[PDB]
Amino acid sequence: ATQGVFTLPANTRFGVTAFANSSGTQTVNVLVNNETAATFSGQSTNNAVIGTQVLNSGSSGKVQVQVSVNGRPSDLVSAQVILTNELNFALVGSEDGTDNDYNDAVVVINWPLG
């Protein structure tokens, strides 16, 4: 199934942060209404934050996360989880290789903010 795609409440600010755990340089694109709105890049095998930013979900509320390594799309897994019917997490892991640890780029989206 499709992974890394999330419907947020419209016109809502949300946090997006990316971690890196690979010897490959991780590229993370975040699209809002099918248009790039953020891009992070970095290399780490120590879970270093390679980017963190706040975005707006716009009128559609459609958010898509993509991960590439040197132009190569990584396999994504994702899920959303909601806590006490209020705190939202949209979670993405990705695999750029063969060991399937799926942590090569970890992306976390949270809302509401403020």
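Position 1 is the first residue in the sequence shown; the rest follow in order.
In the PDB entry, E35 places in the highest third of its chain by CA B-factor. When the CA B factors of the chain's modelled residues are split into thirds, the value for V49 lands in the middle one. In the deposited entry, the Cα temperature factor of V67 places it in the highest third of its chain's modelled residues. Among the modelled residues of its chain, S57 has a C-alpha B-factor that falls in the middle third according to the deposited record. For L76, the recorded CA temperature factor ranks within the middle third of the chain's modelled residues.
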